[PDB]
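The structure appears below as structure tokens.
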Amino acid sequence: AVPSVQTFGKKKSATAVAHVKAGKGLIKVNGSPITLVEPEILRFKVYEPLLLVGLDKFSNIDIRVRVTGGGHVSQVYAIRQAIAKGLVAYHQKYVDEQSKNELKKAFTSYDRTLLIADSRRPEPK
Amino acid sequence: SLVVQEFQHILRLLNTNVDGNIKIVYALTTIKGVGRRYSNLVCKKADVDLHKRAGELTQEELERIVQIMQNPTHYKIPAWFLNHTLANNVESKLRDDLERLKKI
Amino acid sequence: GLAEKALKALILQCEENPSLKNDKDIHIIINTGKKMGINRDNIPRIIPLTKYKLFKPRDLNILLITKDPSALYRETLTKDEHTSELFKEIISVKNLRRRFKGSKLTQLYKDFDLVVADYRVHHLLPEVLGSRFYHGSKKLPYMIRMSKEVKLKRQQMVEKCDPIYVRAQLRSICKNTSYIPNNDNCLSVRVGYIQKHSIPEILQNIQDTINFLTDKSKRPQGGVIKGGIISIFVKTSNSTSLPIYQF
Amino acid sequence: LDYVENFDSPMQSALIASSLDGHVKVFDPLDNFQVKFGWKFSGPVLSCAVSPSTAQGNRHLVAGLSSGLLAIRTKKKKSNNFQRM
Amino acid sequence: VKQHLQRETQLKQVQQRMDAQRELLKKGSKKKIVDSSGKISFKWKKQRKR
Amino acid sequence: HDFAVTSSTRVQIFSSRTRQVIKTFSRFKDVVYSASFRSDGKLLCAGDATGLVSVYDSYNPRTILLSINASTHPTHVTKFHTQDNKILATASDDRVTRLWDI
Amino acid sequence: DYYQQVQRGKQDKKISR
Amino acid sequence: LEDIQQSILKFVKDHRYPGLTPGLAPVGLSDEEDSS
Amino acid sequence: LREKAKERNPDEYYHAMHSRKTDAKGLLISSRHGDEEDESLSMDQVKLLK
RNA sequence: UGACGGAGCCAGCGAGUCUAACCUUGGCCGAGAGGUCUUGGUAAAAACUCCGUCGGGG
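Residue numbers (the authors' numbering), protein chains in the order written: chain A, 3 to 127; chain B, 2 to 7, 11 to 87, 99 to 119; chain C, 11 to 257; chain D, 258 to 334, 353 to 360; chain E, 201 to 250; chain F, 53 to 154; chain G, 493 to 509; chain H, 139 to 148, 178 to 203; chain I, 51 to 100.
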């Protein structure tokens with residue numbers, strides 16, 4: 003078999019499915035490498051978890067994300083949510099609990115919205 | 002200790021005055037009517053630099069360009085380079112017809 | 011004698027009537043004996059004229075519709091000194107669709123004079139072109155082979171272009187005229203402008219066209235008249251019929 | 258007038274000048290500013306410039322002439356089973 | 201007779217390609233060589249089968 | 053790897069790799085006199101003859117970054133400093149040389 | 493005096509039918 | 139029979184678009200070369 | 051069908067979920083083969099069939 | 001508070017054998033009704049990102 007884990011990410015009407023499995027350290031998004039994200043200013047908005055926790059933890063696994071729906075900004079936000087959740091779920095199942103918990107501390111102390119979405123539901127007064 | 006060169013203001017061409025401190029193609033577009041690609045083709049038919057301002061381009065090539073732009077059929081130029100009664104009747108008719116309906 | 015007298019009469023009456031003065035072209039309506047078989051596509055087959063040219067690429071406004079990438083096509087055709095003065099506009103099909111609609115489409119119909127399409131998008135053309143361009147056979151789009159290449163089965167085709175070839179194609183397609191295959195015995199062919207030439211040129215054109223149409227060889231493009239030609243009428247767009255060669 | 262220093266050369270410092278005759282002449286400040294070379298461009302030569310000291314590519318010498326003429330003169334510049360075996 | 205010959209030739213070539221694909225199934229250490237004309241062939245490692 | 057050359061109403065950035073004109077500054081209304089790069093690479097200044105200098109970045113003719121109106125006489129020479137890099141110095145036919153701080 | 497003639501011929505054909 | 143015995147004893180088209188063979192223009196050398 | 055889709059109750063567990071598979075877009079998938087076994091051959095029966 | 005020309009890239013509702021003009025030039029067939037051919041003119045994803053160009057109205 004091969005270790006693998008699937009996770010999801012959502013802004014408004016965008017869906018991001020990420021499969022993280024063991025391998026050689028390569029990230030792809032929607033059939034393209036991660037270094038071709040098209041809004042082109044928000045590429046670092048996609049790079050956020052990679053540089054927050056470093057490049058070794060990514061250097062030993064393969065990530066494959068595919069996104070549909072939404073628009074430009076919502077698709078960038080769905081990508082980064084799926085990547086972060088997939089990383090921490092892999093580190094829990096196939097790597098150890100301490101590394102998982104320290105990743106959650108890093109991700110949360112930067113930006114909680116890498117992990118848990120905030121669905122902007124109305125509020126009637 | 003002297004150096005020496007090789011100027012004129014707004015010039016007139018076919019009842020139209022054209023300035024000097026802009027490039028030749030925009031000069032020929034300020035000529036009334038003709039287009040940018042036509043000006044490009046006239047300039048590169050005259051075989052000149054396209055960046056020169058109209059203060060340059062001395063009178064012999066100037067008259068050459070005027071001759072080409074005035075006689076295009078001698079220079080193989082392609083043809084894509086050239087450039099109440101019933102209201103009163105219906106008012107009266109519809110008025111008096113619907114007036115008759117209004118009376119009846 | 012009868013044909014020449016008919017041309018004099020139509021030219022005079024064309025000068026007389028106002029709408030006759032507004033339409034400026036000449037067609038001949040030929041009626042054959044038997045019916046043609048080929049169901050009417052919109053691929054204008056052109057007929058070779060051997061004596062007098064009719065129009066020039068130096069006279070007609072030209073649009074060229076290429077394939078999707080369009081980059082090497084437009085840069086080569088605009089750059090390489092044989093076609094820079096030729097095409098009024100180069101456009102792609104995705105650009106045409108994403109650019110023109112409705113009133114803009116009729117603006118194109120009233121603006122351009124002759125459109126030529128890449129033969130592998132000629133079939134896909136009519137929806138994007140509109141219901142206006144396909145009215146009769148005035149502004150019917152032609153096909154031109156872009157690259158002088160051939161495609162074999164299970165074989166990749168190389169993309170290319172050459173301006174000498176496309177220029178020779180356009181010069182032929184302007185030197186001679188065209189027709190359209192039908193199913194009735196009554197077909198048309200536009201022959202000549204009312205002023206760009208005279209009566210001997212027109213009569214010679216008539217003879218060369220009827221000869222090529224009754225010719226048995228070149229049957230992919232010339233052998234299409236079935237049976238003896240019954241009669242040949244002449245008209246403009248707003249005149250009546252004038253008869254020639256009743257039997 | 259132009260001056261270049263500590264570059265890939267048998268001559269450490271090159272002081273070059275340009276003098277309205279085509280003549281561009283190159284001196285060195287170590288042998289008391291004697292001429293070491295000189296080119297001739299036809300028209301009256303106005304400006305000259307040699308490429309800077311850290312060029313590390315093909316070096317250039319540019320002379321601009323009152324006839325409207327730029328003159329550029331440039332010094333130019353198997354398998355893994357088998358390898359493991 | 202000419203048609204007979206053409207049909208038999210086409211069947212011989214079909215059976216040759218089929219037998220090549222059958223040989224790629226048994227055992228051994230195949231090496232997938234590409235002829236620089238662009239056509240695939242296979243070459244087995246020099247080892248005595250038993 | 054690049055060198056600017058002045059002309060009449062024209063500055064041209066040429067390249068050392070292929071010796072072809074890479075860029076053109078031609079937004080001048082009169083005869084431009086001096087086109088000198090900064091000592092840091094990024095920003096070049098061009099003194100015109102109407103009387104103003106125009107300082108904007110190389111590799112971007114679109115963005116006039118700053119326009120210093122000097123004396124109404126033509127400014128011939130416009131230099132940047134060598135040690136410091138925020139002080140420009142320009143002369144003119146006004147027979148004065150002014151040190152601007154950009 | 494030929495265009496009117498052929499127009500009259502067409503009209504006589506139709507009214508004769 | 140000679141050709142058949144030998145065998146025994148041993178233009179423009181497109182395969183996917185049909186209309187090219189009617190719709191092509193008969194290119195001519197005169198208006199290919201000459202300058203009008 | 052829309053009222054069923056409303057009242058689905060997303061905790062239902064039938065045992066056939068270990069044999070059926072659902073397309074990632076959302077529709078069902080179905081073997082055009084009828085059986086449960088004829089999805090793809092094995093090497094021995096490929097050898098026989100060749 | 002831009003316009004022009006290429007390139008790139010992103011949605012959600014929508015699904016009844018039902019979805020769609022007009023007049024006109026003439027030819028041929030038909031006893032008609034009409035059929036068919038022909039000709040001409042009038043009506044119904046964007047913003048976004050990148051690169052190149054430009055610099056007061058009939």
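No residue lacks a Cβ here, since even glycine has one placed at the ideal position from N, Cα and C.
Distance check for residue j and residue i, CA to CA, integer angstroms please.
i, j, result
"residue 133 (chain C)", "residue 35 (chain C)", "28 Å"
"residue 249 (chain C)", "residue 113 (chain B)", "43 Å"
"residue 141 (chain H)", "residue 206 (chain E)", "15 Å"
"residue 15 (chain B)", "residue 65 (chain C)", "38 Å"
"residue 105 (chain B)", "residue 115 (chain B)", "15 Å"
"residue 154 (chain C)", "residue 236 (chain C)", "28 Å"
"residue 40 (chain C)", "residue 72 (chain B)", "45 Å"
"residue 11 (chain C)", "residue 493 (chain G)", "15 Å"
"residue 280 (chain D)", "residue 83 (chain F)", "26 Å"
"residue 360 (chain D)", "residue 93 (chain F)", "52 Å"
"residue 98 (chain A)", "residue 55 (chain I)", "41 Å"
"residue 40 (chain A)", "residue 61 (chain A)", "23 Å"
"residue 191 (chain C)", "residue 137 (chain C)", "21 Å"
"residue 144 (chain H)", "residue 202 (chain E)", "10 Å"
"residue 286 (chain D)", "residue 144 (chain F)", "31 Å"
"residue 152 (chain C)", "residue 54 (chain C)", "6 Å"
"residue 93 (chain C)", "residue 78 (chain B)", "19 Å"
"residue 78 (chain A)", "residue 119 (chain A)", "14 Å"
"residue 139 (chain H)", "residue 98 (chain I)", "45 Å"
Go ahead and pull the three-state DSSP assignment for residue i.
i, result
"residue 55 (chain I)", "helix"
"residue 309 (chain D)", "coil"
"residue 1 (chain C)", "Residue coverage of chain C in this structure runs from 11 to 257, which leaves residue 1 (chain C) outside it and unanswerable."
"residue 153 (chain C)", "strand"
"residue 262 (chain D)", "strand"
"residue 57 (chain B)", "strand"
"residue 64 (chain F)", "strand"
"residue 196 (chain C)", "strand"
"residue 289 (chain D)", "coil"
"residue 141 (chain H)", "helix"
Going along the chain, which residues of its own chain have a beta-carbon closer than 8 Å to the beta-carbon of residue i, five neighbours each way excluded?
i, result
"residue 139 (chain F)", "132, 133, 151, 152, 153 and 154"
"residue 54 (chain A)", "108, 109 and 112"
"residue 86 (chain B)", "76"
"residue 37 (chain C)", "198, 199, 200, 201, 244, 245, 246 and 247"
"residue 16 (chain C)", "244, 252, 253 and 254"
"residue 54 (chain B)", "27, 28, 29, 44, 47 and 48"
So which of the options has the shortest CA-CA distance to residue i?
i, options, result
"residue 340 (chain D)", "D:290, D:333, D:353 and D:299", "Between 334 and 353 the numbering of chain D has a gap, and residue 340 (chain D) falls inside it, with no coordinates."
"residue 246 (chain E)", "E:223, E:231 and E:236", "E:231"
"residue 327 (chain D)", "D:308, D:271 and D:318", "D:318"
"residue 172 (chain C)", "C:57, C:88 and C:60", "C:88"
"residue 189 (chain C)", "C:253, C:59, C:112 and C:227", "C:59"
"residue 177 (chain C)", "C:221, C:192 and C:158", "C:158"
Buried or exposed, going by whether 16 or more other CB atoms sit within 10 Å of the CB of residue i?
i, result
"residue 366 (chain D)", "Coverage of chain D is limited to positions 258 through 360, which leaves residue 366 (chain D) absent and any answer about it impossible."
"residue 122 (chain A)", "exposed"
"residue 265 (chain D)", "exposed"
"residue 88 (chain A)", "buried"
"residue 27 (chain C)", "exposed"
Can you give me the Cβ contacts of residue i inside the same chain, cut-off strictly under 6 Å, excluding the 5 residues immediately before and after it?
i, result
"residue 146 (chain F)", "123 and 125"
"residue 316 (chain D)", "308 and 332"
"residue 226 (chain C)", "233"
"residue 106 (chain C)", "138"
Give every residue of the same chain whose Cβ lies closer than 7 Å to the Cβ of residue i, excluding the five residues on either side of it in the sequence, and list them in chain order.
i, result
"residue 240 (chain E)", "232 and 234"
"residue 187 (chain H)", "179, 180 and 181"
"residue 3 (chain B)", "none"
"residue 93 (chain A)", "101, 102 and 105"
"residue 301 (chain D)", "277, 278, 322 and 323"
"residue 222 (chain C)", "57, 58 and 232"
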